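Undergrad: coords please:
(chains A and B)
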Amino acid sequence: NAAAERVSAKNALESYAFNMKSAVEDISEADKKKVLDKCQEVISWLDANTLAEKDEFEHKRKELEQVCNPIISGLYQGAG
Amino acid sequence: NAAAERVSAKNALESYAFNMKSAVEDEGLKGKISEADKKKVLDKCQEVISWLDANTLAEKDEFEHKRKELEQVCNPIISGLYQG
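TA: Numbering: from 1, shown residues only, chains lettered A, B, ... in the order given. Next comes the structure:
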């Protein structure tokens, strides 16, 4: 149901943001900062948008994963 | 340096295609990724690799477009695996 989907999108975003902040504090130093700052911006956004709609959460999670997924996986490297 | 940015973009695209391909072909992701997700990732990796073989001397921003295309397909999967 709608209430359930909304909270699930929200928890998906929150937990990714915090787990990524932590993960990165176990790669480049500029890239660390990129992740941390983005997680921090999503966290502040989440703090002010606790009752936003499911779509808004999912949108922010896409933004977050776009920045963080490549850096944390090391996927861009090796070919050089 | 334009030459270097171009090469960095090409390398990142190449790295991603081959590394993702290898990641999902991993026998230790059996039942962690759905067959549909896996086939999708693999097909896109192959198409990119095949584009790159034909476009070795393309412009920086063409490699970037291509890379973002690959990301849109891979990111949900990557996120799904870091979530589970």
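Undergrad: Residue A:54 contacts residue A:5, correct?
TA: Yes - between residue A:54 and residue A:5 there is a contact under Cβ atoms under 8 Å: 5.3 Å. Just so you know, the C-beta spots here come from the backbone N, C-alpha and C atoms, and that holds for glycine as well.
Undergrad: Would you mind naming what in chain A lies close to chain B?
TA: With Cβ under 8 Å from any Cβ of the partner chain as the criterion, chain A comes near chain B at residues A:12, A:15-16, A:19, A:61-62, A:65-66, A:69-70, A:72-80.
Undergrad: which ones are touching residue A:2?
TA: By Cβ atoms under 8 Å, 6 or more residues apart in numbering or on different chains, the contact list for residue A:2 reads residue A:54.
Undergrad: Could you pull out the helices in chain A for me?
TA: Secondary structure of chain A by DSSP state H: the helices cover A:2-24, A:29-48, A:54-73.
Undergrad: Residue A:71 is in contact with residue A:34, isn't it?
TA: Yes - judged on Cβ under 8 Å, residue A:71 makes contact with residue A:34 at a distance of 6.6 Å.
Undergrad: and for those two, which residues touch both?
TA: Here residue A:71 and residue A:34 share no contacting residue, scored by Cβ under 8 Å, 6+ apart.
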